[PDB]
């Protein structure tokens, strides 16, 4: 179902994460971690303290798709990334399935000039309504149990 997912997303904040290669997103899916440049690190740490859930929505450059989304479970703290980096965020994946950009063409992001939500620099914040609808478009990931994520909120 979608009900626990909607609960996790209620009043969340959303950020677009752009990776230049699939290897880094694979590492993040395997190890439950993400790292970003300090300008984005500072924004994510501020957001983590400010909201019930901070959701990272991942897209590999040139792939034409999102590769999934995850919830921050920690601030950054001080991984063989394919590359100055900041700390390491621990994340819990909510969906490890892909979503093609063709399916999100009706969603615009007011915080990026109402451009389609696929468009944005690494770290671009996605407004609440747009980000919620974007996450709800992903195919359900039946391997994930949101019970454990709910308890961390």
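So that the term is clear: the rigid core is the largest set of C-alpha atoms that superpose within 1.5 Å between two forms. Positions refer to the first chain, counted from 1.
Novice: Please tell me which region, 91 to 99 or 36 to 44, has C-alphas lying farther from the displayed form on average in 8 other deposited structures of this protein, with superposition done on the core.
Specialist: Between the two stretches, 36 to 44 moves farther in 8 other deposited structures of this protein.
Novice: Looking only at CA atoms, which has the higher mean B factor in the entry: 85 to 93 or 119 to 127?
Specialist: Per the PDB entry, the higher value belongs to 85 to 93.
Novice: From 107, 51, 28, 55, pick the one with the largest CA B-factor in the entry?
Specialist: Top of the list by C-alpha B-factor: 51.
Novice: Determine, from the deposited record, the chain-internal third of the Cα B-factor for residue 143: lowest, middle or highest.
Specialist: Middle third by C-alpha B-factor.
Novice: When the deposited Cα B-factors of this chain's modelled residues are ordered and cut into thirds, is residue 67 in the lowest, the middle or the highest one?
Specialist: It falls in the bottom third of the chain.
Novice: Could you tell me which third, lowest, middle or highest, the C-alpha B-factor of residue 20 occupies within its chain?
Specialist: Residue 20: CA B-factor falls in the highest third of its chain.
Novice: Which third, lowest, middle or highest, does the C-alpha temperature factor of residue 37 belong to within its own chain?
Specialist: CA B-factor rank for residue 37: highest third.
Novice: C-alpha B factor of residue 43, ranked within the chain: lowest, middle or highest third?
Specialist: For residue 43, the deposited C-alpha B-factor lands in the middle third.
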